[PDB]
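Undergrad: Starting off with a structure, shown below.
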Amino acid sequence: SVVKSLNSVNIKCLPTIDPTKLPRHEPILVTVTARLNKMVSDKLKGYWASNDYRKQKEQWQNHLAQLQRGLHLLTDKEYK
Amino acid sequence: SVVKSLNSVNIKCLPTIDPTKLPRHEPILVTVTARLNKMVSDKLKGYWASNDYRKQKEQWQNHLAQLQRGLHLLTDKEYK
Amino acid sequence: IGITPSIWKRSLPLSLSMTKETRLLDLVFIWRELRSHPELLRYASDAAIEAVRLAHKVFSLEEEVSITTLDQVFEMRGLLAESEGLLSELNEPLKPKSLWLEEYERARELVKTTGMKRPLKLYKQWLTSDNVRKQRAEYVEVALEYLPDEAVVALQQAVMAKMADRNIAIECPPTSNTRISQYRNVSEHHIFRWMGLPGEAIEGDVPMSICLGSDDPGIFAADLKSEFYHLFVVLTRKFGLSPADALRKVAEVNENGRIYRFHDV
Amino acid sequence: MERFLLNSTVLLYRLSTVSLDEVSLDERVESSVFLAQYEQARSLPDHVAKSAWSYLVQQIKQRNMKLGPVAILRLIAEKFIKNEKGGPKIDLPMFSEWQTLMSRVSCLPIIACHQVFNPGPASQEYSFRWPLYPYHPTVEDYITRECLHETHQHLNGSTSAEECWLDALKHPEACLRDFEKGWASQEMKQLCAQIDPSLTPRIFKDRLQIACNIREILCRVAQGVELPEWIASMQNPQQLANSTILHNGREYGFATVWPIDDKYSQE
Amino acid sequence: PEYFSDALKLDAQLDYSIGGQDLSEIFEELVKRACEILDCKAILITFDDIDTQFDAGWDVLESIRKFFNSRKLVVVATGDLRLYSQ
């Protein structure tokens, strides 16, 4: 109910994330970023091969790529 | 007996399944889709290149593929 | 398609041995590229007759199978075994849109269609029959000079026309590799036949595109430059070619490695 | 044989005047296309044209399609274009008769149909700007090694001809000034009648305006937005000649909103 | 993940009401085909005594309840019912 009227200061709301309705071991970041990366690239996909699409997409890809090193750093069996 | 009455608006009933009469580590969701994929495949074989046979088939194949890419994580023990 | 049949027969027994399945695929093939040949018909006709004889031995069938049916059976061996309607049950639920479902159903529908499933049922025994698979691996005795010297050349020139049409290059092994155990020296190597050296090119040959490669030279210290020089030396000395002309023939091989390069543009 | 259905004045006349309510046009396209081939390639005997058209109808029915641009573009795209190392490339043996097709039918619709119903390798990124070329390693090696050399390249106008149609859409009225000034000359009077005898400047504005509205109407289908609920008013394609339709007695436009700033471009 | 594409297989005989990877589904037609091949209306299977290690009979109880349900297959069990309760 809160988020229904809130979508109408401009605010955007991610779909609710339920840890119960998720794999038992997947951490929060990979789940929330999956939600976050889904729309933001879909918003880019809303554009049709415009000039601003390429600049925002590639810089977004670097943001994920540089963060991929720490995505494994959410604990592990042993350090390598 | 209940499913017997339903088979005899139209309502389709899937055959009763039992987790005990199943492998221990195979989840219910893969099994329920197995029985569910049983009928839809059978109905498609009945059409056999009739009108819009491809339309239902391809929309089904993609939907099964999208489910499959979410089936590995459910059985996956941990995060990787 | 490089060795001259006369050279290949050097120091070999008067009758070789080969598996029945490899023999049967030979007999069905030799009929394909020889019945087209106006004068090498006896070999094609004899092959087609005795291939039918061998098919009865292998498939253990009792009815009549013609050479046309055999070719149709053997043209469907490129399909995957696990394709539905060929080895697995025809009525199976549809697999979830892999990159293989294009392959699985393609080998399925064309088998179902054309209104001709007689070659298909022969093929299943060729794959999933206890006796057929055992009979295929049983070896057979083949005469060394089964085809005459000219007859084998007809097949080789038939390959050249087909592949040059498709424009597919050939990797050539290093000529310093004494792995063939058939050439007395390097001057007899089959690479010279492909390039078109007079005195080593068989009449009617269709020139191909030949690239250069050095994978297993068979020697201790080797490199592509050494292989490049090895080719250049033989032309100038053994075949008597001027350095300007000799380089161009070996330069064509070195450039064909660039025309057919797999590197992206 | 399929180029006739995509480039023929007589079909356009039978489609720009007949209403959209009725659906069965299989006869009216078959009769019209034979006139279309009559006035385009008259050297073809009737029986060759009859059978070739009959095969085309029969070939479509076995695929459970319906005769239309969505189906015809499928046949050409799979007949000519095939994926290769560089992406979508025209097959080498069929290249020569493809060039004949380009003289009557544009490439932009064909390439779009090929991508949808036959995507590239592993969904690799591909933005179409240049006309498709056949791939042969011998020529590809030479071109990259030693570049081409052009001696006669008219700079003015447009880079190619298919995009000049897009430029024409940007000036639905200004391009008529070029048409009207040219129409004063007798040479342009005859040349226009050569293609379609019933071609007048108002018809030229009629079709260009109609083409403008169709682009917007079908764009709403492509974008995914729901139909603008004034299509019920239009059942005759001639109603798209005024950039505004009247449904329940109020002004209803055709222009929509596009994600691109420049809605009239190649991409 | 690669198992499911290998799953889903159909029971080609008698078209039972259950489809999927259930082995009981895949078992009755084999018995019936064996019975008609072996000129019998049923097959008698004998499970011996489990007095030594009755813990071994737990799988037999599962196999009897999970797969041994067809009318045309008869099973003779034995032992001490008290140990099964244990």
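Undergrad: With the condition kept exactly as written, say whether any residue in segment B:5-28 is in a helix (DSSP H, G or I), surrounded by 12 or more Cβ atoms within 10 Å (Cβ to Cβ) and small (G, A, S).
TA: no
Undergrad: While we're here: Which of the residues belonging to segment A:39-64 are of a type in the set (A, V, I, L, M), in a helix (DSSP H, G or I) and either in contact with a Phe, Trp or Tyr (Cβ under 8 Å, 6 or more places away or on another chain) or within 14 Å of another protein chain (Cβ to nearest Cβ) (or both)?
TA: Residues satisfying the conditions are A:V40, A:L44.
Undergrad: Moving on to the next point. Report yes if D:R3 is touching a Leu at 6+ places or on another chain (Cβ under 8 Å), charged (D, E, K, R) and more than 30 Å from D:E125 (Cβ to Cβ), otherwise no.
TA: So D:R3 passes the test.
Undergrad: Specify which of the listed residues (C:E109, C:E141) is of a type outside the set (F, W, Y) and touching a strand residue (DSSP E or B) at 6+ places or on another chain (Cβ under 6 Å).
TA: None of the others qualify; the one that does is C:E141.
Undergrad: Sticking with this structure for a sec: Only one of (1) assigned to a helix (DSSP H, G or I); (2) touching a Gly at 6+ places or on another chain (Cβ under 8 Å) is not met by C:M160, so which one is it?
TA: It is condition (2) that C:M160 fails.
Undergrad: While we're on this one: Looking only at segment C:213-254, which residues are charged (D, E, K, R) and surrounded by 15 or more Cβ atoms within 10 Å (Cβ to Cβ)?
TA: Within segment C:213-254, the subset charged (D, E, K, R) is C:215-216, C:223, C:225, C:227, C:237-238, C:245, C:248-249, C:252.
Within segment C:213-254, C:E227, C:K238, C:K249, C:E252 qualify.
Undergrad: Out of all the residues in segment E:23-34, is one or more under 29 Å from B:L64 (Cα atoms), within 14 Å of chain B (Cβ to nearest Cβ) and small (G, A, S)?
TA: yes
Undergrad: Which residues, counting only those in segment E:50-86, are over 19 Å from E:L30 (Cα atoms) and part of a loop (DSSP other than H, G, I, E, B)? Before you say what the answer is, go through the steps one by one.
TA: The initial filter retains those residues of segment E:50-86 that are over 19 Å from E:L30 (Cα atoms), namely E:50-62, E:76-86.
Within segment E:50-86, E:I50, E:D51, E:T52, E:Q53, E:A77, E:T78, E:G79, E:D80, E:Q86 meet the criteria.
Undergrad: Does E:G79 count as surrounded by 11 or more Cβ atoms within 10 Å (Cβ to Cβ) and more than 28 Å from B:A34 (Cβ to Cβ)?
TA: Yes.
Undergrad: Mind checking which helices (runs of 4 or more DSSP H) fall wholly inside segment D:1-81 and carry at least 1 residues that are of a type in the set (D, E) and either within 20 Å of the chain's Cα centre (by Cα) or surrounded by 12 or more Cβ atoms within 10 Å (Cβ to Cβ) (or both)?
TA: Qualifying helices (runs of 4 or more DSSP H): D:26-40, D:69-80.
Residues are listed down the side, and each one gets a yes or a no for (1) over 29 Å from D:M1 (Cα atoms); (2) in contact with a strand residue (DSSP E or B) (Cβ under 6 Å, 6 or more places away or on another chain):
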| site | (1), (2) |
| --- | --- |
| D:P93 | no, no |
| D:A112 | no, no |
| D:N118 | no, no |
| D:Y126 | yes, yes |
| D:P134 | no, yes |
| D:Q153 | yes, no |
| D:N156 | yes, no |
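Undergrad: Pick out the one residue from C:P119, C:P93 that is within 14 Å of chain B (Cβ to nearest Cβ) and of a type outside the set (K, R).
TA: C:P93
Undergrad: Okay, next question. Can you tell me how many residues within segment D:219-239 are surrounded by 11 or more Cβ atoms within 10 Å (Cβ to Cβ) and either under 23 Å from D:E163 (Cα atoms) or within 14 Å of another protein chain (Cβ to nearest Cβ) (or both)?
TA: Going through segment D:219-239 one residue at a time, the tally reaches 4.
Undergrad: I'm trying to understand the selection: among the residues of segment C:96-116, which are of a type in the set (K, R) and either away from chain B (no Cβ under 14 Å) or at negative phi (or both)? Reasoning before the result, please.
TA: Looking only at segment C:96-116, we keep the residues that are of a type in the set (K, R), and these are C:97, C:106, C:108, C:112.
Correct list: C:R106, C:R108, C:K112.
Undergrad: Quick one: which residue in C:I49, C:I67 is β-branched (V, I, T), farther than 20 Å from C:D130 by Cα and buried (at least 18 other Cβ atoms within 10 Å of the Cβ)? Write out each step before concluding.
TA: Values: C:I49 fails: buried (at least 18 other Cβ atoms within 10 Å of the Cβ).
Every option except C:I67 fails the conditions.
Undergrad: Which residues, taken from segment B:29-77, are acidic (D, E), farther than 27 Å from A:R24 by Cα and surrounded by 13 or more Cβ atoms within 10 Å (Cβ to Cβ)?
TA: Within segment B:29-77, B:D42 is the sole residue that qualifies.
Undergrad: Another question about this same structure. For segment C:193-211, how many residues meet the condition of being acidic (D, E) and either buried (at least 17 other Cβ atoms within 10 Å of the Cβ) or closer than 22 Å to C:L224 by Cβ (or both)?
TA: In the first step, residues of segment C:193-211 are kept if they are acidic (D, E); the result is C:200, C:203, C:205.
Now narrow it down to the ones that are either buried (at least 17 other Cβ atoms within 10 Å of the Cβ) or closer than 22 Å to C:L224 by Cβ (or both): C:200.
Within segment C:193-211, residues that are acidic (D, E) and either buried (at least 17 other Cβ atoms within 10 Å of the Cβ) or closer than 22 Å to C:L224 by Cβ (or both) number 1.
Undergrad: Determine which single condition B:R35 fails, assuming it passes every other condition in (1) farther than 14 Å from E:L8 by Cβ; (2) in contact with a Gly (Cβ under 9 Å, 6 or more places away or on another chain).
TA: Of everything listed in (1) farther than 14 Å from E:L8 by Cβ; (2) in contact with a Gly (Cβ under 9 Å, 6 or more places away or on another chain), B:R35 misses just condition (1).
Undergrad: Oh, and also: It is to be established whether one or more residues within segment E:7-19 are surrounded by 16 or more Cβ atoms within 10 Å (Cβ to Cβ) and away from chain B (no Cβ under 14 Å).
TA: So far as segment E:7-19 goes, no, none of its residues is surrounded by 16 or more Cβ atoms within 10 Å (Cβ to Cβ) and away from chain B (no Cβ under 14 Å).
Undergrad: If you take the residues of segment C:187-228 that are in a helix (DSSP H, G or I) and closer than 19 Å to C:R258 by Cβ, which of them is farthest from the chain's Cα centre (by Cα)?
TA: Checked segment C:187-228; the qualifying residue farthest from the chain's Cα centre (by Cα) is C:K225.
Please note: Cβ atoms are built from the backbone with ideal geometry, for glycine as well, and neighbour counts cover all protein chains shown. FYI, it's all coordinate maths here, none of it is from the lab.
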